[PDB]
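A look at the structure
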Amino acid sequence: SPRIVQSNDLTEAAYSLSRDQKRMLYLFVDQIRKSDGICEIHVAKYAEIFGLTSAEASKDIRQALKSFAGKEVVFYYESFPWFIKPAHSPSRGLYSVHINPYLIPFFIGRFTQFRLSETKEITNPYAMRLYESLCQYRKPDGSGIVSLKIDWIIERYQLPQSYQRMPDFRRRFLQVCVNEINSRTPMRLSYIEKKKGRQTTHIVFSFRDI
DNA sequence: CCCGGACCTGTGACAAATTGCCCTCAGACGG
DNA sequence: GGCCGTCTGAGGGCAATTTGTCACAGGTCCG
Ligand SMILES: [Mg+2]
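Per the deposited record, X-ray crystallography is how this structure was determined, to a resolution of 3.24 Å.

As structure tokens, this is what we get:
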């Protein structure tokens, strides 16, 4: 299956995208990298890749695309829009998009890589952002270990504001995203909390390949 | 000693959003 | 050449689950 690669600057960038938007973004990076910023999406190709019907494919592309308007990306700082022109359909079942050409160098560079079959069953987008940022540290054999700061997790993944109360962070983000990875990817993941006084400051992740 | 306060934890409720499903019907194409 | 049967896909919806928000009980330590 397609091998996604991206500059580490994109893995650690600040942004908020849905699963459907993140799914399309993978194809943009694949399309762009296999070479002005103009990409294309076929409804029927998307459906076969992700095992959806054409109708629900159509719905996913359409709503994701109009929800891109006004979205911005921040590299740590400098902020950019993903799109500089609205999407449009020349043909039935075909969409044409204009990626901000200034993003190209950030896409292609100190890099991250994973096969598309690893993420296509993940549902929660925050969990996608976590699996991406663990791969950045993975070893050939498939293992690694990394400590991420909690304040940095929140800024980079742009978690909603009520998850700054740690028990909600635990219950609605951390446990759920570890559970999906262990149930939906080939990776086996564990963690432990680092504290300073009463505050929990970092999260320490360990992983191997099955 | 024991107090209210400033911290921390987990859970129970509800609201707002998302999931994969269903139904209709016209376009593009080929037989 | 030109009509129609079929595969697409562009729309309109649903109930069942997940995600996002906050009230309230119960732990600690300090002065
Ligand atoms: Mg969908």
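Around DNA strand B lies a shell formed by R19, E56, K59, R92, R165, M166, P167, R170, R171, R172, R198 and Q199. For DNA strand B, a base oxygen lies 2.5 Å from a polar atom in the side chain of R165. Elements represented by at least two residues in the surface near DNA strand B include exactly helix 4 (54–66) and helix 8 (166–184). Take the surface near DNA strand B: its biggest share by element is five residues, from helix 8.

This brings us to the UniProt feature "DNA-binding region" in chain A. Taken from the UniProt record, the annotation "DNA-binding region" applies to residues 54–62 and 165–172. End-to-end, the C-alpha atoms of residues 54–62 are 12 Å apart, and along that stretch the chain is 100% helix and 0% strand. End C-alpha to end C-alpha, residues 165–172 measures 11 Å, and it is 88% helix and 0% strand.

Our focus in this paragraph is the sheet that holds strand 7 (residues 144–149). Each strand in a sheet pairs with another by means of backbone hydrogen bonds, the pair being arranged parallel or else antiparallel. On the basis of which strands lie adjacent, the open sheet formed by three strands has the order 7-9-8 and antiparallel pairing. Edge positions in the open sheet fall to strand 7 and strand 8 (187–196), since each of these has one partner strand only. When strand polarity is set aside, the average angle formed by the axes of neighbouring strands in this sheet is 20°. In this structure, strand 8 lies alongside strand 9 (residues 199–209), joined through 10 bridges in antiparallel fashion. The residue bridging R188 from the neighbouring strand is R208, located in strand 9. Across the sheet, helix 7 (residues 150–157) is in contact with strand 7 and strand 9; its angle to strand 7 comes to roughly 85°.

Thresholds applied
- Residues numbered from 1 in each chain as written, not as in the entry; some residues may be left out.
- Chains lettered and ligands numbered in written order.
- Heavy atoms only, no water.
- Residues with missing side-chain atoms left out of burial classes, pairs and counts.
- Near = heavy atom within 4 Å.
- Polar contact = N/O pair within 3.5 Å; in protein donor to acceptor, adjacent residues only side chain to side chain.
- Helix = DSSP H or I, 4+ residues; strand = E, 2+ residues; numbered from the N terminus.
- UniProt positions renumbered as here; feature names shortened; annotations may be inferred.
- Pairing = 2+ DSSP bridges.
- Axes fitted to C-alpha atoms, helices over the stretch in contact; angles between N-to-C directions.
- Contact = heavy atoms within 4.5 Å.

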